[PDB]
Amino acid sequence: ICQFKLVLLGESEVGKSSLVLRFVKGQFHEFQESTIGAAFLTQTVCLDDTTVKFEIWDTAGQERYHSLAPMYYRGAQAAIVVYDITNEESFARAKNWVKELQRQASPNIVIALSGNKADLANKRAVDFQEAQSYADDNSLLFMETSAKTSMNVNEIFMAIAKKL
């Protein structure tokens, strides 16, 4: 059995809490309250020859809580930086979170990038290939996800588990 600490970071309203609720509880709430104090959840997945347990910190994404984030990413072995594919500003914010992790988090941290709300592709503002290229150039594990439909939610956590 292996255990890893994972943190979710990203602009407010991109769907961080929804992503963790979908992965941990199989839930999705159309009306999810903005996170004030970082929330903690845990979930276990089954790989080829190992049981991986995730200790997950779901951080508040509003800027006024930015100064608290290092308390949650310090020592994290993995991070999922989330943006909303319908909001380019949220994608730019995600890149800045990635920069902060590369400079202040553990040098061996595994960073995944979630282009969330992919079910709203009819309102896309961030091109998939552009995000894929950005992730490849920055050594980030990228997937578009939908906490609403479950698209790639189990998949992104499992892919992270395999690389830990």
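Each residue number is its position in the shown sequence, starting from 1.
Exercise. Between 12 to 20 and 152 to 160, which has the higher average C-alpha B-factor in the PDB entry?
Worked result: According to the entry, 152 to 160 carries the higher average C-alpha B-factor.
Problem set entry | Mean C-alpha temperature factor, higher of 103 to 111 and 128 to 136 | Comparing averages over the C-alpha atoms only gives 103 to 111.
For this session: Comparing against every modelled residue in the chain, figure out the third that the C-alpha B-factor of residue 34 lands in (lowest, middle or highest).
Result: Answer is highest: the recorded C-alpha B-factor places it there.
For this session: Taking the values exactly as deposited, rank residue 28 by C-alpha B-factor within its chain and report the matching third: lowest, middle or highest.
Result: Middle third of the chain for residue 28's C-alpha B-factor.
For this session: Rank-wise, by C-alpha B-factor, drop residue 119 into the lowest, middle or highest third of its chain.
Result: CA B-factor rank for residue 119: lowest third.
Exercise. Lowest, middle or highest third: where is residue 43 by Cα B-factor in its chain?
Worked result: Residue 43: CA B-factor falls in the highest third of its chain.
Problem set entry | Where the record places residue 94 (Cα B-factor, split into thirds across the chain) | Ranked within chain, residue 94 CA B lands in the lowest tercile.
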